[PDB]
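Engineer: curious how this folds, go ahead:
(4 chains, ligands or ions: 1)
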Amino acid sequence: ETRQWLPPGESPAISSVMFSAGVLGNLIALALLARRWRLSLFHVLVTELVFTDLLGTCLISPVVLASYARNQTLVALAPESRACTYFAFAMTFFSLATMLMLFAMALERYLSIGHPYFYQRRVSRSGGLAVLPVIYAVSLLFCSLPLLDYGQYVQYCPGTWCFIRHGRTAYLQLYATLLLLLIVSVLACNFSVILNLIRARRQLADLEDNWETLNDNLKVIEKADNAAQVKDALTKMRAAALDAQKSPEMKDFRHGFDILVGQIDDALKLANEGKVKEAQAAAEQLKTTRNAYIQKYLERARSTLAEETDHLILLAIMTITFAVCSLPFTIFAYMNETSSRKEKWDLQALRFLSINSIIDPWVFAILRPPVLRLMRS
Amino acid sequence: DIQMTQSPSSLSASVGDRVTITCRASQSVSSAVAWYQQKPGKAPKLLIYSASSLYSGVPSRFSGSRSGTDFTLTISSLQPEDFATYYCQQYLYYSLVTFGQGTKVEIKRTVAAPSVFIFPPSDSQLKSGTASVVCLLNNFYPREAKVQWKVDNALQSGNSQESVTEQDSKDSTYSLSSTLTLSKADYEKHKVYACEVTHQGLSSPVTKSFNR
Amino acid sequence: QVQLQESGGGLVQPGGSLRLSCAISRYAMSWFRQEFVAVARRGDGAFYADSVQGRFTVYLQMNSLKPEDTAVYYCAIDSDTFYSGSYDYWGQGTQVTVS
Amino acid sequence: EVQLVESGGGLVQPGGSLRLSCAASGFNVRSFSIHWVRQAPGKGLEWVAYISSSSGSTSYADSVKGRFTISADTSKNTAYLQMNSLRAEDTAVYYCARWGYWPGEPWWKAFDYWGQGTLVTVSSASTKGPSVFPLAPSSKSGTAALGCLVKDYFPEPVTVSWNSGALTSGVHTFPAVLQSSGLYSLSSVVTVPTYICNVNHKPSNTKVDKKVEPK
Ligand SMILES: CCc1nnc(NS(=O)(=O)c2ccc(NC(=S)NC(=O)CCc3ccc(F)cc3)cc2)s1
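Structural biologist: Residues are numbered from 1 along each chain as shown, chains lettered A, B, ... in the order given. Sharing the structure here:
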C-alpha cells in the first residue's frame, strides 16, 4: 500500500507545532529535573522517560518535516526503501521502550510502597541509570523481528506514516499484546499503590488520633485535683499508647511506647496510693519522653506519606495519558483489516501514538512540586 | 471503671456449627481483651490472648477478631470437649480487671413435652413442723420455663425455691424442682394446692393439683 | 389485641414445599399443629420438635412432607421476654392437608 | 510445670478472719505479679486482689477495700491473703493466677495459668444431720416418679443414691439451694416404669434411710 497522492493544499501546521511543543517540553523537563541533580529513585526514572521522548522526537519527526517540499511527502527517498525503514523502525522502537519505561516507574512504586522488605533492600540509585540500556535492549530485540522478510511496511493515506501493517503474519497482534499487558501491569501497580496509600492514610490517622488522645488527657491531669480524675485520664492514655504502637525506626517506635507505658504504670501506681502531686510530676516527665521518640516518628510519617503520594500523582496522570492513546492501537491491531472496507481506525491509532509522547513531558511541566493543593483536595 | 458487657448469655448449637460471641467494652481498649473457658467443676483456661494470637496448647478451632470497640470470639466447629462456659476479661491495667457476664454453650435437640409431677408433704415432714410441696418438671427443653404456685385458686408470690440440673449424658433434657415451704397451720387451713407449668412446646400450661 | 394471620395452605403433595408466613422482633414466634412444631426467638437460633427437626425450617418452609402432617397449623407469640413459653395471642389457623 | 495450689479455705463465721495461701511451683514469684480472683456460685468471675512482688504494690477491689490484706513471701515463694470482717456474700471460690510485667510476651498472656481454687463459706449456723423426707406419688399413678427430700443439712456436700447405686436409670440429683434459715436443701427423683433411697453424709457421719410406698 503506497499512497503517493496528496492534496496540494497541505500545510506543515500540525507537524511543526507538534515538534516544537515536544522539544520544548522535553528541554523544560530536563532543565527542571537537573535542578534536583546535585533526586530520588523515582525521579531518575522520569529523567529517562523524557529522554526517550526527546531522543525519539529528534529521529521520527525531522523525517517528515524536510519532506514537505514536494507534493508526494515520501515515496522512496533512499534506495531499498530506506526512508520508511528508518521511520517505521524508530516509531516501533520508541513506542514499546517508552511504555516499558513506564512499567519501571510503576514497578518501582510497587516494590517500595507495596513491600516494606524491598524498601529495606538496597536498590542502587545508579542502577536506575542502567535500566535505560536494558529497556532499549529488550525493545530492540522485539523490534528487530519486522526487519526480517515476514515483516511488512506499507505507506498510510497521509503519506507520512508507514507503521506495521496488519496481515497474515502474526506480529502486529503480538506487538499490541505486549502494549496491552503493560497497560494492565502498570494499572495493577497503580491500583496496588493506591490501596497501600489509603491503608497508610488510615494508619497515620489512627496514629494521629492516639497522639491527640495522649496530649488532651495529659492537660487534664495537670488540673485534676482529685485522684479519681487522674486515674481516669491515665486509663485512656494507656489504652491509646498500646493502640499507637501497633527497620531501625520500627524498633525505636516500639521501644518508645514500651518505656512510655511503663511511665503510665508508674503514674497509675502513685494515683492508687493517693499521691496526686507525685502522679502529676510523672505526667510532666511523660511529655518529654513522648516528644523525644514518638514525635520524631510522626513527623517522618507525615513527610514520607506526603512525598510518596506526590510521586503517585505524577505516575497516575502519565499512565492515564498512555492508556487513552494506546487503546485505539490495541483495537486496530486486534481487528482484522479485511473487516473494514475503508479502515479509519488505523489513522486514528497513528495520531494518538505520537501525541502521548508529546503530552508526557508537558505533564511534568504542569505538575510542579507545589502539588499540595492536588494532594489534599 | 470500665464495665465489660457480654451480649451472648445463652446459645444452643451442635457439633460442626459456628458460634459467635460478642464482647463490648465500656471504654476503648486497644488489645486488652481475653477469652477464658471454664468447665463445670474445673478451673478456667485461657483460649485467646490479645484477641489476635492463639494460646499455646488450645485447639485452632477458636479465633478472635476486633472491630472498633467490639471483640468477637469465633468457633468454627463445636466438639463434645468444647461445651463449657465462656468469659470475657479486660486486662488494661493491673488494678483494672473486670469480667463479663459469661456465656455457656448448650447442646440443642428436639423439643419434647415436659412431664409434670406433684408431691405433697409426707407424714413425717408434717410431724417435723414444716410442710414442703414439690413440683417436678422432667424432660423439658430449653432451660427457660416458668412454674407458678396456686393455693385455693390464688397465686402465690415468694416462698418458692427452684433448682435446675444440667444436661444429661444420654439426652440434653434438664430437670426442674420447685419446693414450696409452709407451716402446719397453713397446710391444715388450706384445702388444695397446685403448680402450673408454662414452657415452650405446650399449647396449654400443664397444671398438677393435690387435695388433702 | 395483635391480629395474627398467615397465608398459603390447602392440599399439598408428598415431597413438595409450602412457605407459610405468620404475621415480633423482641418477642418469639411459635407454630403448633392440631402439638408443638417449631419456635423462633431471635440471633439466638430456632428450635424444632421431634418430627419437625430436619423436615421443616423456620417463615415456616415446610419441605419433604409426610401423610401424617395433615392438620391445622396455628401461630402464637410469646408474651414473656424471658422465653418462658407464655402464649396468649393465638391465631385463627389455616387448614393444611397432605395427599 | 507452672502450677498454683491454693489452701486455707473452708468454713468461717461472720465477722471473723481467714488466711488463704497460694503456693507457686515452676517459677519465681518475684518475676510475676500474683492475682486473686473470686467467683460466686451461679455467677461469673471477679478480680479481688493483686500484688506485685517486684516493687511491693498492692491493689484490691472497690467493694473489698479496707477488709483484705495481701502479701507475698519470696523466701517461701508464695502469697498470703488475710480476710477480716467477712460477710454473707463472701461464700465463693478463690483462684490464684500470675501475670507478667510490662513489657514482654507474658504480659499480654494475662492469666495463662489458673490455680485449682479453694471454697470459702461464711455462714453462722451449726451442723445438722440430713433430715430425709420420702416423697410418695399419688394413688392414681404407666410412668411413675418417686423421690426422697433431704432438708436441714448444714454441710454442702451430700450424696443421695437409690437402691445402693443399683437403680441409676432416670435418677436426677438437683443442686443444693440455700434457704432463708441458712440450711441447704436437696431433692432427688427417679423415674420407674423395693425402692430404698440412701443418703450418705460424710461431714455429718449420719446415715438415714427411708421406705417409700405408693399412696
Ligand atoms: C497528528 C495528526 C496528524 N496525522 N497525520 C498528519 N499529517 S502531517 O501534518 O503531515 C504529520 C503530523 C505528525 C506526524 N508525526 C510526528 S511529527 N511524530 C513525532 O514526532 C513522534 C512520534 C513519536 C516520538 C517519540 C515517541 F516516543 C513516540 C512517538 C507526521 C505527519 S497530522
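Engineer: can you list the domains in chain D?
Structural biologist: Domain assignment for chain D by automatic domain parsing gives D:3-122, D:131-211.
Engineer: could you list the domains of chain B?
Structural biologist: According to automatic domain parsing, the domains of chain B span B:5-107, B:115-211.
Engineer: just send the domains of chain D back as TSV, with distance to residue A:143 and mean neighbour count too.
Structural biologist: No exception for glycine: its C-beta is placed from N, CA and C like everyone else's. Shown next, in TSV, are the domains of chain D (distance: least, CB to CB, whole Å; neighbours: other CB atoms under 10 Å in any protein chain shown):
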stretch	distance to residue A:143	mean neighbour count
domain D:3-122	59	17
domain D:131-211	88	16
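Engineer: okay, those in a markdown table with distance to chain C next?
Structural biologist: Output for these, formatted as a markdown table (distance: least, CB to the nearest CB, whole Å):
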| stretch | distance to chain C |
| --- | --- |
| domain D:3-122 | 17 |
| domain D:131-211 | 18 |
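Engineer: closest to residue B:53 out of these?
Structural biologist: domain D:3-122 (8.0 Å; CB to CB).
Engineer: distance check, the residue nearest to the spatial centre of chain A against residue A:24.
Structural biologist: Central residue of chain A (CA atoms, centre = their mean): residue A:315, 2.5 Å from the mean position. To residue A:24, residue A:315 is 23 Å away according to CB to CB, to the nearest Å.
Engineer: same check on residue B:142?
Structural biologist: Taking CB to CB, one finds residue B:142 at 83 Å from residue A:24.
Engineer: residue D:161 against residue D:201, yeah?
Structural biologist: No - if you go by CB atoms under 8 Å, residue D:161 and residue D:201 don't touch, sitting 11.9 Å apart.
Engineer: re earlier: just put the domains of chain D in CSV and tack on distance to residue A:87.
Structural biologist: Compiled in CSV, the domains of chain D are given as follows (distance: least, CB to CB, whole Å):
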stretch, distance to residue A:87
domain D:3-122, 69
domain D:131-211, 98
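Engineer: what residue of chain D is the furthest out?
Structural biologist: Relative to the centre of chain D, and counting by CA atoms, centre = their mean, the farthest-placed residue is residue D:140 at 41.6 Å.
Engineer: isn't there a helix covering that one?
Structural biologist: No - secondary structure of residue D:140 (DSSP: H, G, I helix; E, B strand; the rest coil): coil, not part of a helix.
Engineer: just to revisit the earlier point, quick one: closest of the domains of chain B to chain A.
Structural biologist: Closest to chain A of the domains of chain B is domain B:5-107 (CB to the nearest CB; 3.7 Å).
Engineer: buried ones in the strand or helix carrying residue A:52, by neighbour count?
Structural biologist: Assigned by DSSP states H and E, residue A:52 belongs to helix A:41-66. Buried residues in helix A:41-66, counting neighbours by 16 or more other CB atoms under 10 Å in any protein chain shown, are found at A:41-42, A:44-57, A:59-61, A:63-64.
Engineer: grab the nearest non-local neighbour of the residue nearest to the spatial centre of chain B.
Structural biologist: By CA atoms, centre = their mean, chain B has its centre lying nearest to residue B:143, at 6.5 Å. Using CB to CB, 6 or more residues apart in numbering or on different chains and skipping residues adjacent in sequence, the residue nearest residue B:143 is residue B:174, 5.4 Å away.
Engineer: same check on residue D:203?
Structural biologist: Closest to residue D:203 by CB to CB, 6+ apart is residue D:155, at 3.8 Å.
Engineer: wait, that neighbour sits on residue D:206?
Structural biologist: No - judged on CB under 8 Å, residue D:155 makes no contact with residue D:206 at a distance of 10.2 Å.
Engineer: could you pull out the buried residues of the helix or strand containing residue A:236?
Structural biologist: Residue A:236 is part of helix A:227-245 when elements are defined by DSSP H and E. Across helix A:227-245, burial judged by 16+ other CB under 10 Å covers A:227, A:230-245.
Engineer: and it, what does it pack onto?
Structural biologist: The contact analysis (3 or more CB pairs under 8 Å, 6 or more residues apart in numbering or on different chains; DSSP states H and E) places helix A:227-245 against helix A:172-222, helix A:248-273, helix A:276-334.
Engineer: the second one packs against which elements?
Structural biologist: Using 3+ CB pairs under 8 Å, 6+ apart as the contact criterion, the elements in contact with helix A:248-273 are helix A:227-245, helix A:276-334, strand D:57-60.
Engineer: and among these, the most buried is which?
Structural biologist: Burial of the helices and strands packed on helix A:248-273 is given as mean neighbour count (mean count of other CB atoms under 10 Å in any protein chain shown); helix A:227-245 ranks first at a mean of 21.
Engineer: between that one and helix A:172-222, how big is the angle?
Structural biologist: Relative orientation of helix A:227-245 versus helix A:172-222 (axes from the mean of the first three to the mean of the last three CA atoms, to 10 degrees): 160 degrees.
Engineer: just the CA coordinates for helix A:227-245, please, in CSV.
Structural biologist: The C-alpha coordinates for helix A:227-245 follow below in CSV (Å, rounded to 0.1, in the frame of the first residue of the first chain):
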residue,chain,number,x,y,z
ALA,A,227,-7.1,11.3,92.4
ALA,A,228,-10.1,9.7,90.6
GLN,A,229,-9.8,12.1,87.6
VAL,A,230,-6.1,11.4,87.4
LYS,A,231,-6.6,7.7,87.3
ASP,A,232,-9.3,8.0,84.6
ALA,A,233,-7.2,10.2,82.4
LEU,A,234,-4.2,7.8,82.7
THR,A,235,-6.5,4.9,81.8
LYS,A,236,-7.4,6.4,78.3
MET,A,237,-3.7,7.3,77.8
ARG,A,238,-2.5,3.7,78.5
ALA,A,239,-5.0,2.2,76.0
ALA,A,240,-4.1,4.8,73.4
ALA,A,241,-0.4,4.0,73.7
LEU,A,242,-1.0,0.3,73.1
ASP,A,243,-3.1,1.2,70.0
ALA,A,244,-0.5,3.6,68.6
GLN,A,245,2.5,1.2,68.9
